[PDB]
Amino acid sequence: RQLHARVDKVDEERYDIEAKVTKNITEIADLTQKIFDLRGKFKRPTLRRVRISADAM
Amino acid sequence: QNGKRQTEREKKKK
Amino acid sequence: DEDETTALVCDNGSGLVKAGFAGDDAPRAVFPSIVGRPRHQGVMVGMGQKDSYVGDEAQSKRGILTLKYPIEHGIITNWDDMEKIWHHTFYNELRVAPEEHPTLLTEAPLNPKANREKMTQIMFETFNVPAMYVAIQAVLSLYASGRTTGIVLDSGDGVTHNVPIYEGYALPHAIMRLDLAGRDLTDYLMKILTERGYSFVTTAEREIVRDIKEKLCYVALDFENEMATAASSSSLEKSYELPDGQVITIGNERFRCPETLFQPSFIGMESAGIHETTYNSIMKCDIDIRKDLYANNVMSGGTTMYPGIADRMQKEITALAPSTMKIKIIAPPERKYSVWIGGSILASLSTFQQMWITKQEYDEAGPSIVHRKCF
Ligand SMILES: Nc1ncnc2c1ncn2[C@@H]1O[C@H](COP(=O)(O)OP(=O)(O)O)[C@@H](O)[C@H]1O
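Residues numbered from 1 in each chain as written, not as in the entry; some residues may be left out. Chains lettered and ligands numbered in written order. Part of a larger assembly, values for the part shown. Heavy atoms only, no water.

As deposited, the entry is annotated with cryo-EM as its determination method and 6.6 Å as its resolution.

Here's what the structure looks like:
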């Protein structure tokens, strides 16, 4: 009987622990995209294949 | 003379 | 990140939100109680740019945003924006999860009921906080100031509450509440500066005027003599630098705005002013209470940082008070930062562990529990 009470309690707690992990994963995914947008902010001005045809032609 | 917590509570219990 | 499930303390007003954890001396971060939104059409693509901005983000990007305050005169009218402010407060700058910490919020004693009820619901439903308490601003100020007896005159951005407390108990019949606040003084300063050739009517302009007010304005000890000189000579003008390089100087307007606290008629308000209401909060209490409240006028809230205000408040009430008796003002460098400080103290008291509402009782009662358990 104690084990039934224990398994019932552990899954209630387990749900909350899994939810907490999920919340931190979600924050990483969101933070990661903000960083990627900031990366594009500074990399963008040079993302070209440049100054080749200028002499070839 | 005339709640967001109820939803989470249910998820963990179900 | 803490070694204990210390309560989080968030002093959420109509101005700035001060937040940190219980047991500390100061908030970890402060935030404008603002959610900002663009008033322009985007032209460039791949610029990031949010639909809405929160707190300091909203203020930093304000050049093209209209800025709204979810709290007006001490009450939350927009709780979706407060959920955003609290998300930011807790997860971006304090970087804590209320789910593992009790949370203490603050309000005036006659703040309409929806405020404490919605504050309770947001923290229990969106943050799933294990416990809640909504505290009295006067109580918090009294703990911060080292007193159990006195008048708490809290003249901040939202409302002036002005509640007399004796031996830690309310004397509610003597609350000389007044719908006159720092936000009205800001509005008055925008208008009086408009008269000097510097119009202030947009959001960016309003934030600038609030900054001007905080650095340049004062109430002084004697209005008529201060104006006799300020209205006659440039020697009392003070300059301010605006973000675009403009320079504004303010003369008698520098104190005529703030003076509205003593002369409310300046903005069309029908009121005796904050010093008469302070006096009446003492006078309306029993005669064996009055002596202790006269000796303990407790200053807190915003506007308490105007030059001449502590000296003036004691002068104005001692002038109405009877002779022989000594009347005194308490106005520590902890003025206005007393509500947050009190939150830290109160949250941490062992006797207060019987006041916290848990996320147990909450589910059976709902957010209305705040009216059964807090005050
Ligand atoms: N030097 C100052 N001059 C004029 N007003 C001030 C000054 N410092 C603070 N105040 C005003 O205090 C108000 C904030 O009230 P406050 O009680 O501190 O809210 P809270 O309890 O949430 O911290 C703002 O309108 C601010 O402009």
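S.K.: How would you explain the overall build of chain C if you had to name every residue and give the values?
M.R.: Broken down by element type, chain C carries 14 helices and 18 strands. Taken over C-alpha atoms, the radius of gyration comes to 21 Å for chain C, in line with the 21 Å a tight globule of 375 residues would show. Pairs at least 24 apart in sequence give 67% of the contacts found in chain C among residues at least 6 apart. Approximately 16800 Å² of chain C is accessible, and the part contributed by carbon and sulfur atoms is 48%. Of the charged side chains in chain C, 37 are positive and 50 negative; the average position of the first set lies 3 Å away from that of the second. (Helix = DSSP H or I, 4+ residues; strand = E, 2+ residues; numbered from the N terminus. Rg over C-alpha atoms; globule rule 2.2 N^0.38 Å. Contact = heavy atoms within 4.5 Å. Areas by Shrake-Rupley, 256 points an atom, 1.4 Å probe, with all protein chains shown as cover. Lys, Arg positive; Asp, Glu negative; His and termini not counted. Charge placed at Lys NZ, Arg CZ, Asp CG, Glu CD.)

S.K.: Lay out the site of the ligand with the relevant residues and their values.
M.R.: Residues and elements named next belong to chain C. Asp11, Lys18, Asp157, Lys213 and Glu214 are the nearest of the 14 residues found near the ligand. One of the backbone N or O atoms of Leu16 is found 3.2 Å from an oxygen atom in the ligand. Within the backbone of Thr303, an N or O atom sits 3.1 Å from a nitrogen atom of the ligand. Expressed as a share of its isolated accessible area of 580 Å², the protein-covered part of the ligand is 91%. Its atoms largely coinciding with the cavity grid, the ligand occupies the second largest pocket. (Near = heavy atom within 4 Å. Polar contact = N/O pair within 3.5 Å; in protein donor to acceptor, adjacent residues only side chain to side chain. 1 Å grid on protein atoms, 1.4 Å probe; cavity = no way out; pocket = protein on both sides within 12 Å on 5 of 7 lines; lining within 4 Å. Sits in = over half its atoms within 2 Å of the grid points.)

S.K.: Explain the interface of chain C and chain B to me, and be specific about the residues and the numbers.
M.R.: Contact residues are listed per partner, giving eight residues for chain C and four residues for chain B. Carbon and sulfur atoms make up 41% of the surface buried where chain C meets chain B, a total of about 530 Å² over both sides. The three residues of chain C that bury the most area against chain B are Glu125(C), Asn128(C) and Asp363(C), which together make up 72% of that side's buried surface. The tally of links from chain C across to chain B stands at four salt bridges. Of the charged contacts in the structure, one is a salt bridge between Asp363(C) and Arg5(B), with a shortest N-O distance of 3.2 Å. The interface formed by chain C and chain B includes four residue pairs in polar contact. Listed by contribution, the elements that provide at least two residues to the side of chain C that touches chain B are α3 (114–125) and α13 (361–365) of chain C. Its residues placed into classes, the side of chain C that touches chain B shows two nonpolar, three polar and three charged. (Buried area = accessible area lost by both parts, 1.4 Å probe. Salt bridge = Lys/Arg side-chain N within 4 Å of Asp/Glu carboxyl O. Nonpolar A, V, L, I, M, F, W, Y, C, P; charged D, E, K, R; others polar.)

S.K.: Which residues make up the interface of chain C and chain A, and what values do they have?
M.R.: If you look at the interface, chain C gives seven residues, while chain A gives four residues. Together, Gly46(C), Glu99(C) and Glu100(C) form the three largest contributors to the area buried by chain C at its contact with chain A, with a combined 53%. The interface formed by chain C and chain A contains two salt bridges. In this structure, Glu99(C) and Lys23(A) form a salt bridge, with 2.9 Å as the shortest nitrogen-oxygen distance. Inspection of the region where chain C meets chain A yields three residue pairs in polar contact. Residue composition of the side of chain C that touches chain A, grouped by class: two nonpolar, three polar and two charged.

S.K.: Requested: an account of the pattern of salt bridges, with residues and values cited.
M.R.: This structure, assessed with the given rule, holds 28 salt bridges over all chains. In this structure, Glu83(C) engages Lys4(B) in a salt bridge whose closest nitrogen and oxygen atoms are separated by 3.4 Å. With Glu83(C) in helix α2 (residues 79–93) and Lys4(B) in helix α1 (residues 4–13), this pair bridges two chains. What makes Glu83(C) partly exposed here is its relative accessible area of 26%. Classification of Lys4(B) as partly exposed rests on a relative accessible area of 48%. When salt bridges with common partners are traced through the structure, they connect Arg5(B), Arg9(B), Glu125(C) and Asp363(C) into a single cluster. (Buried < 20%, exposed > 50% of the residue type's maximum accessible area, 1.4 Å probe, protein only.)

S.K.: Account for unusual backbone geometry, with residues named and values stated.
M.R.: With a phi angle near 50°, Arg51(A) is a residue other than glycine that sits in the positive phi range. Relative to the elements of secondary structure, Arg51(A) occurs in the loop between α1 (2–43) and α2 (53–56). Taking relative accessible area as the criterion, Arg51(A) reaches 75% and is therefore assigned exposed. Of note, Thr324(C) is a non-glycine position whose phi angle comes to about 75°, a positive value. The topology assignment puts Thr324(C) in the loop between α11 (309–318) and β17 (329–330). The exposed category is assigned to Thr324(C), whose relative accessible area is 77%.

S.K.: So, the packing of aromatic side chains: which residues are in play, and what are the values?
M.R.: All names here are of chain C. Taken as a whole and assessed by the stated rule, the structure comprises 10 aromatic pairs over all chains. Between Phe124 and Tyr362, the aromatic rings sit 4.3 Å apart at their centres with planes inclined by 25°, giving stacked as the arrangement. Of this pair, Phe124 sits in helix α3 while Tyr362 sits in helix α13, and the two are 238 residues apart along the sequence. A relative accessible area of 0% places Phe124 in the buried class. (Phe/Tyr/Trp six-rings, centres within 6.5 Å; stacked < 30°, edge-to-face > 60°.)

S.K.: Please provide a residue-by-residue account of the nonpolar core, values included.
M.R.: Residue and element names in this part refer to chain C. Formed by 46 residues in total, the largest nonpolar core has its most connected members in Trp86, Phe90, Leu104, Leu105, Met123, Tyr133 and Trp356. Elements that contribute at least two residues to this core include exactly β1 (8–12), β2 (16–21), β3 (29–32), α2, β9 (103–107), α3, β10 (131–136) and α12 (338–347). Judged by nonpolar contacts, the second largest core, of 29 residues, contains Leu178, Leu216, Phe262 and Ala310. (Core = buried A, V, L, I, M, F, W, Y, C linked by side-chain atoms within 4.5 Å.)

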